[PDB]
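**Q** What follows is the file work_22.cif, containing mmCIF, C-alpha atoms:
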data_my_file
loop_
_atom_site.label_atom_id
_atom_site.label_comp_id
_atom_site.auth_asym_id
_atom_site.auth_seq_id
_atom_site.Cartn_x
_atom_site.Cartn_y
_atom_site.Cartn_z
CA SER L 1 14.95 -20.25 -6.90
CA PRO L 2 11.96 -18.40 -8.46
CA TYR L 3 10.43 -21.79 -9.35
CA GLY L 4 12.19 -24.02 -6.82
CA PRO L 5 10.76 -25.74 -3.75
CA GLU L 6 11.00 -22.64 -1.54
CA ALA L 7 8.81 -20.61 -3.90
CA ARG L 8 6.41 -23.55 -4.26
CA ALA L 9 6.23 -23.92 -0.48
CA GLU L 10 5.32 -20.27 0.11
CA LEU L 11 2.73 -20.42 -2.68
CA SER L 12 1.18 -23.57 -1.23
CA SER L 13 1.21 -21.99 2.24
CA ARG L 14 -0.74 -18.94 1.06
CA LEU L 15 -3.26 -20.96 -0.96
CA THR L 16 -3.85 -23.32 1.97
CA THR L 17 -4.55 -20.43 4.35
CA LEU L 18 -7.07 -19.06 1.85
CA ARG L 19 -8.81 -22.44 1.55
CA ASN L 20 -9.19 -22.64 5.33
CA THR L 21 -10.76 -19.17 5.32
CA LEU L 22 -13.07 -20.14 2.44
CA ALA L 23 -14.08 -23.40 4.12
CA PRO L 24 -17.90 -23.55 4.11
CA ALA L 25 -19.61 -23.24 7.45
CA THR L 26 -22.99 -24.84 8.07
CA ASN L 27 -25.48 -22.76 6.07
CA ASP L 28 -22.61 -20.44 5.18
CA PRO L 29 -23.98 -17.04 4.06
CA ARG L 30 -21.15 -16.93 1.50
CA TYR L 31 -22.31 -20.07 -0.33
CA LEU L 32 -25.45 -21.07 -2.20
CA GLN L 33 -27.86 -23.25 -0.23
CA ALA L 34 -30.12 -26.02 -1.49
CA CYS L 35 -33.89 -25.61 -1.23
CA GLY L 36 -36.34 -28.20 0.07
CA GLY L 37 -33.63 -30.85 0.15
CA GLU L 38 -33.09 -30.70 -3.62
CA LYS L 39 -29.55 -31.78 -4.49
CA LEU L 40 -27.68 -28.64 -5.56
CA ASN L 41 -24.02 -29.63 -5.15
CA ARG L 42 -22.68 -32.72 -6.92
CA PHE L 43 -20.21 -32.93 -4.01
CA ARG L 44 -20.95 -32.01 -0.41
CA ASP L 45 -17.84 -29.99 0.48
CA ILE L 46 -17.54 -28.33 -2.96
CA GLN L 47 -20.06 -25.48 -2.88
CA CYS L 48 -20.93 -22.35 -4.85
CA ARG L 49 -20.15 -18.74 -3.95
CA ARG L 50 -23.33 -16.72 -3.50
CA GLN L 51 -21.87 -13.39 -4.64
CA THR L 52 -20.98 -14.81 -8.07
CA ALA L 53 -23.53 -17.59 -8.58
CA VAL L 54 -25.01 -17.58 -12.07
CA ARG L 55 -28.29 -19.20 -10.98
CA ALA L 56 -29.80 -20.32 -7.69
CA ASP L 57 -30.59 -23.59 -9.51
CA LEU L 58 -26.98 -24.49 -10.32
CA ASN L 59 -23.49 -24.89 -8.90
CA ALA L 60 -21.97 -22.29 -11.21
CA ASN L 61 -19.93 -19.14 -10.67
CA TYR L 62 -18.95 -16.05 -12.61
CA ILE L 63 -15.15 -15.96 -12.53
CA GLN L 64 -12.82 -13.21 -13.78
CA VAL L 65 -9.11 -13.95 -13.38
CA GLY L 66 -7.30 -10.79 -14.43
CA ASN L 67 -9.14 -9.80 -17.60
CA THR L 68 -10.30 -13.32 -18.53
CA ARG L 69 -14.02 -13.77 -17.86
CA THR L 70 -15.46 -17.30 -17.75
CA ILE L 71 -18.02 -19.39 -15.86
CA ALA L 72 -16.85 -22.40 -13.84
CA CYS L 73 -19.46 -24.95 -12.80
CA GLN L 74 -19.94 -28.60 -11.92
CA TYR L 75 -21.13 -31.21 -14.37
CA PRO L 76 -24.91 -30.60 -14.27
CA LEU L 77 -27.02 -33.12 -12.40
CA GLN L 78 -29.96 -34.73 -14.18
CA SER L 79 -32.36 -32.50 -12.24
CA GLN L 80 -30.37 -29.42 -13.36
CA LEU L 81 -30.30 -29.97 -17.14
CA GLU L 82 -33.14 -27.57 -17.95
CA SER L 83 -31.70 -24.75 -15.84
CA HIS L 84 -28.21 -25.60 -17.12
CA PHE L 85 -29.40 -25.31 -20.72
CA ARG L 86 -31.17 -22.06 -19.82
CA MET L 87 -27.88 -20.72 -18.43
CA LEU L 88 -25.98 -21.54 -21.63
CA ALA L 89 -28.64 -19.89 -23.82
CA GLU L 90 -29.07 -16.72 -21.76
CA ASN L 91 -25.27 -16.48 -21.60
CA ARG L 92 -24.78 -16.56 -25.40
CA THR L 93 -22.04 -19.09 -24.52
CA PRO L 94 -19.20 -18.68 -27.04
CA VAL L 95 -17.78 -22.10 -26.11
CA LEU L 96 -18.65 -24.93 -23.72
CA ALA L 97 -15.53 -26.79 -22.55
CA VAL L 98 -16.35 -30.23 -21.13
CA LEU L 99 -13.32 -31.74 -19.38
CA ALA L 100 -14.92 -35.02 -18.27
CA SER L 101 -13.59 -37.99 -20.21
CA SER L 102 -15.81 -40.13 -22.42
CA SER L 103 -15.11 -43.03 -20.06
CA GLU L 104 -16.37 -41.06 -17.05
CA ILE L 105 -19.48 -39.70 -18.79
CA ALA L 106 -20.49 -43.17 -19.99
CA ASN L 107 -20.13 -44.59 -16.47
CA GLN L 108 -23.68 -44.48 -15.11
CA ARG L 109 -22.35 -44.57 -11.54
CA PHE L 110 -21.03 -40.99 -11.72
CA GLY L 111 -24.38 -39.48 -12.73
CA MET L 112 -22.99 -37.27 -15.50
CA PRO L 113 -25.68 -37.13 -18.21
CA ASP L 114 -24.62 -37.12 -21.86
CA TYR L 115 -26.35 -33.81 -22.46
CA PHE L 116 -24.05 -32.41 -25.18
CA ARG L 117 -23.58 -35.47 -27.44
CA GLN L 118 -27.23 -36.29 -28.19
CA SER L 119 -30.60 -34.71 -28.88
CA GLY L 120 -33.14 -34.46 -26.11
CA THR L 121 -35.89 -32.50 -24.41
CA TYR L 122 -35.58 -31.11 -20.88
CA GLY L 123 -38.62 -29.20 -19.68
CA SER L 124 -39.77 -26.74 -22.33
CA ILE L 125 -36.27 -26.76 -23.85
CA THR L 126 -35.24 -28.84 -26.87
CA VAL L 127 -31.58 -29.60 -27.57
CA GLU L 128 -29.92 -30.92 -30.73
CA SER L 129 -26.23 -31.84 -30.89
CA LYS L 130 -24.23 -32.08 -34.13
CA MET L 131 -20.60 -33.18 -34.09
CA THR L 132 -18.29 -30.91 -36.05
CA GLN L 133 -14.49 -31.18 -35.96
CA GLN L 134 -11.86 -33.08 -34.01
CA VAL L 135 -8.83 -31.08 -32.86
CA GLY L 136 -5.74 -32.92 -31.70
CA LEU L 137 -4.25 -31.36 -28.57
CA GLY L 138 -1.05 -33.42 -28.74
CA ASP L 139 0.10 -36.63 -27.06
CA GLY L 140 -2.80 -38.58 -28.58
CA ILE L 141 -5.35 -36.41 -26.76
CA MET L 142 -8.31 -35.59 -29.01
CA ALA L 143 -10.94 -32.87 -28.56
CA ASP L 144 -14.35 -33.70 -30.04
CA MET L 145 -16.31 -30.57 -30.97
CA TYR L 146 -20.07 -30.18 -31.27
CA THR L 147 -22.59 -27.49 -32.22
CA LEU L 148 -25.26 -27.45 -29.50
CA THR L 149 -28.58 -25.94 -30.65
CA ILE L 150 -30.88 -24.89 -27.79
CA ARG L 151 -34.51 -24.10 -28.67
CA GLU L 152 -37.33 -22.92 -26.41
CA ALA L 153 -40.75 -21.62 -27.42
CA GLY L 154 -40.67 -17.83 -27.49
CA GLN L 155 -36.90 -17.83 -26.85
CA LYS L 156 -34.12 -17.05 -29.30
CA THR L 157 -32.54 -20.21 -30.67
CA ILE L 158 -28.93 -20.28 -29.45
CA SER L 159 -26.05 -22.35 -30.82
CA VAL L 160 -23.24 -23.15 -28.37
CA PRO L 161 -19.85 -24.45 -29.56
CA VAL L 162 -18.57 -27.37 -27.48
CA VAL L 163 -15.01 -28.60 -26.91
CA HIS L 164 -14.94 -32.06 -25.32
CA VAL L 165 -11.60 -33.58 -24.31
CA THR L 166 -12.27 -37.30 -24.70
CA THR L 167 -9.24 -38.51 -22.72
CA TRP L 168 -6.79 -36.90 -20.34
CA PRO L 169 -2.98 -36.99 -20.64
CA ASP L 170 -0.55 -38.26 -18.04
CA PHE L 171 1.18 -36.03 -15.50
CA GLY L 172 4.19 -34.03 -16.68
CA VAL L 173 4.97 -32.05 -19.82
CA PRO L 174 2.21 -33.97 -21.68
CA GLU L 175 -0.43 -32.43 -19.41
CA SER L 176 0.97 -28.89 -19.48
CA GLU L 177 1.33 -29.02 -23.28
CA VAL L 178 -2.19 -30.43 -23.74
CA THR L 179 -3.57 -27.85 -21.31
CA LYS L 180 -1.73 -25.14 -23.24
CA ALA L 181 -3.20 -26.39 -26.53
CA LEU L 182 -6.66 -26.70 -24.98
CA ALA L 183 -6.61 -23.10 -23.72
CA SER L 184 -5.78 -21.88 -27.23
CA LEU L 185 -8.56 -24.03 -28.71
CA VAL L 186 -11.12 -22.75 -26.19
CA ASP L 187 -10.04 -19.13 -26.71
CA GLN L 188 -10.16 -19.40 -30.51
CA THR L 189 -13.58 -21.09 -30.55
CA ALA L 190 -14.97 -18.50 -28.16
CA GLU L 191 -13.49 -15.58 -30.09
CA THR L 192 -15.15 -16.77 -33.31
CA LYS L 193 -18.62 -17.16 -31.79
CA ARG L 194 -18.33 -13.95 -29.77
CA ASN L 195 -17.36 -12.03 -32.92
CA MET L 196 -20.44 -13.48 -34.61
CA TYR L 197 -22.71 -12.05 -31.91
CA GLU L 198 -20.79 -8.78 -32.34
CA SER L 199 -21.42 -8.59 -36.10
CA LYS L 200 -25.18 -8.96 -35.48
CA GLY L 201 -25.35 -6.13 -32.93
CA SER L 202 -26.27 -8.45 -30.06
CA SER L 203 -26.73 -6.51 -26.82
CA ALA L 204 -25.04 -9.42 -25.02
CA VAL L 205 -21.63 -7.98 -25.96
CA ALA L 206 -22.23 -5.06 -23.56
CA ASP L 207 -23.29 -7.31 -20.66
CA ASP L 208 -20.38 -8.39 -18.46
CA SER L 209 -22.50 -11.35 -17.29
CA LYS L 210 -22.91 -12.78 -20.81
CA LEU L 211 -20.68 -14.21 -23.56
CA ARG L 212 -18.60 -16.06 -20.98
CA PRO L 213 -16.94 -19.40 -21.80
CA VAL L 214 -18.36 -22.21 -19.66
CA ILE L 215 -15.92 -24.79 -18.29
CA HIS L 216 -16.62 -27.85 -16.17
CA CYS L 217 -14.92 -31.16 -15.49
CA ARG L 218 -16.82 -33.10 -12.83
CA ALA L 219 -16.88 -30.88 -9.71
CA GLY L 220 -15.65 -27.74 -11.48
CA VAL L 221 -12.61 -27.28 -9.22
CA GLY L 222 -9.81 -29.46 -10.62
CA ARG L 223 -9.20 -29.57 -14.35
CA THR L 224 -11.62 -26.64 -14.70
CA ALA L 225 -9.40 -24.36 -12.60
CA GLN L 226 -6.35 -25.79 -14.35
CA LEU L 227 -7.88 -24.78 -17.68
CA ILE L 228 -9.11 -21.39 -16.45
CA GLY L 229 -5.59 -20.55 -15.30
CA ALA L 230 -4.09 -21.64 -18.61
CA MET L 231 -6.56 -19.34 -20.38
CA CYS L 232 -5.73 -16.18 -18.42
CA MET L 233 -2.03 -16.72 -19.11
CA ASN L 234 -3.03 -17.18 -22.75
CA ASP L 235 -4.73 -13.76 -22.57
CA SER L 236 -2.37 -10.95 -23.56
CA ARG L 237 -4.06 -8.51 -21.16
CA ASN L 238 -3.10 -10.58 -18.09
CA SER L 239 0.60 -9.74 -17.90
CA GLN L 240 2.47 -9.87 -14.57
CA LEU L 241 -0.56 -11.64 -13.05
CA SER L 242 0.90 -14.11 -10.57
CA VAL L 243 -0.16 -17.68 -9.88
CA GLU L 244 -1.06 -16.56 -6.36
CA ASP L 245 -3.35 -13.97 -7.97
CA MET L 246 -5.24 -16.24 -10.36
CA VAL L 247 -5.65 -19.07 -7.84
CA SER L 248 -6.79 -16.55 -5.21
CA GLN L 249 -9.28 -14.99 -7.63
CA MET L 250 -10.57 -18.41 -8.73
CA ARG L 251 -11.05 -19.43 -5.09
CA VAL L 252 -12.56 -16.19 -3.75
CA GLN L 253 -15.09 -16.22 -6.61
CA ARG L 254 -16.09 -19.91 -6.48
CA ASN L 255 -14.68 -21.88 -3.52
CA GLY L 256 -11.37 -22.56 -1.80
CA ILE L 257 -11.08 -25.88 -3.62
CA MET L 258 -10.18 -24.35 -7.01
CA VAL L 259 -6.95 -26.02 -8.08
CA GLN L 260 -7.75 -29.03 -5.91
CA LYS L 261 -4.73 -31.27 -6.57
CA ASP L 262 -1.02 -30.50 -6.35
CA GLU L 263 -0.69 -31.93 -9.86
CA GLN L 264 -3.07 -29.23 -11.10
CA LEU L 265 -1.23 -26.42 -9.31
CA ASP L 266 1.95 -28.01 -10.65
CA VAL L 267 0.61 -27.57 -14.19
CA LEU L 268 0.02 -23.87 -13.52
CA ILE L 269 3.49 -23.45 -11.99
CA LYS L 270 5.07 -25.01 -15.08
CA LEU L 271 3.07 -22.91 -17.54
CA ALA L 272 3.94 -19.76 -15.59
CA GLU L 273 7.59 -20.84 -15.63
CA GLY L 274 7.36 -21.02 -19.43
CA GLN L 275 6.31 -17.36 -19.59
CA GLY L 276 8.63 -15.95 -16.94
CA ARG L 277 5.43 -15.18 -15.01
CA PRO L 278 5.77 -14.67 -11.24
CA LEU L 279 4.36 -17.23 -8.82
CA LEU L 280 4.14 -14.98 -5.74
CA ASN L 281 3.05 -11.41 -5.09
CA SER L 282 5.75 -9.03 -3.86
#
Please express the file's structure as structure tokens.

**A**
Amino acid sequence: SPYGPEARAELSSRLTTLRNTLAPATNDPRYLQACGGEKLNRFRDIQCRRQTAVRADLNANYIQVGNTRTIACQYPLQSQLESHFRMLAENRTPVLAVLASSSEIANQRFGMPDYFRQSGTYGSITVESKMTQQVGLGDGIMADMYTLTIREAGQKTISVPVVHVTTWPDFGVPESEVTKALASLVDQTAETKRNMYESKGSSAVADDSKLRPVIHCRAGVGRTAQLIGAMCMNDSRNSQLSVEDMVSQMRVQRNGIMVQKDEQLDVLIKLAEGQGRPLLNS
């Protein structure tokens, strides 16, 4: 009953009503708008909340679900790489979680540049990528990890840990287990780099806008929201936080598309069932 079809139906009903309310109007004052015709959104109907946008250059949003603070964004366009790299550096990014598969990134048709697996120069910014470890997430799913070194003249050189899931598991208990393992890997990697900034007295630890893990799949609303929800349940502070809560917070702070597919909500429902966590608010 607490995780049966009736509870699922009421949860879906509330999340659907919220998506309709968050549906972007033409030149919606709630959502970021492109300038001069420059392509801001990788997808037309997947836009960026203006209250929580990290930069006017990017489709990226500050998101805090419960006590978990992250940044959810789309895979940066080619014209956004310099501003994207500037976001990661100014953020002191403790971990960059790339959820696009190696097969999708390599496909030129999708326009997802390979910006974290190779050296390059983008504007006045120079990037160097070095591959570190490989962490198995279970079910044959491997996570390639990289140390991303961002350099800009006059700017502090920033290293950003990267967790890249090369392939995605099939629906079911493989996906919820892999998502559970990925959330632990992203939390651990972030906690190590954040502690490093803390041992050096970095003022970024006192800024709520900085030191936030950055997560993106392709549009930043599917696997990204699935991972962000798995991470707030992994956080000990977020107890009794319902699935209605975290999906509502993810959608009010980015767009009503967060958790786009039933399969992705299904993963959250199953993880919450594993914790005895409520789905609905009383």

**Q** Separation of atom CA of residue L:126 and atom CA of residue L:151, in Å?

**A**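 Going from atom CA of residue L:126 over to atom CA of residue L:151 covers 5.1 Å.
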
**Q** Restricting the calculation to all atoms listed in the file, which member of L:224, L:17, L:239, L:119 is positioned closest to residue L:254?

**A**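 Of L:224, L:17, L:239, L:119, the one nearest residue L:254 is L:224, counting all atoms listed in the file.
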
**Q** Pick the closest to residue L:152 from L:93, L:124, L:189, L:74: which is it, counting only C-alpha atoms?

**A** L:124

**Q** Can you give me, as a PyMOL selection string, the residues this file yields under the PyMOL selection byres ((chain L and resi 228) around 12)?

**A** chain L and resi 62-73+97+99+179-180+182-184+186-187+212-217+220-227+229-235+243+246-247+249-251+258-259+264-265+267-268

**Q** So, counting all atoms listed in the file, which residue among L:198, L:45, L:38, L:10 is closest to residue L:219?

**A**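 Closest to residue L:219 of all the choices is L:45.
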
**Q** Skipping near chain neighbours, those fewer than 4 positions away, what residues fall within 12 Å of residue L:282 using all atoms listed in the file, listed as a PyMOL selection string?

**A** chain L and resi 7+10-11+240-242+244-245+278

**Q** List the neighbours of stretch 46-59 of chain L out to 10 Å using all atoms listed in the file; skip same-chain residues closer than 6 positions along the sequence, and give me the result as a ChimeraX atom specification.

**A** /L:22-24,28-35,38-40,71-77,79-84,86-87,91,209,219-221,251-258

**Q** Work out how far atom CA of residue L:178 is from atom CA of residue L:138, in Å to one decimal.

**A**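 Distance between the two atoms: 5.9 Å.
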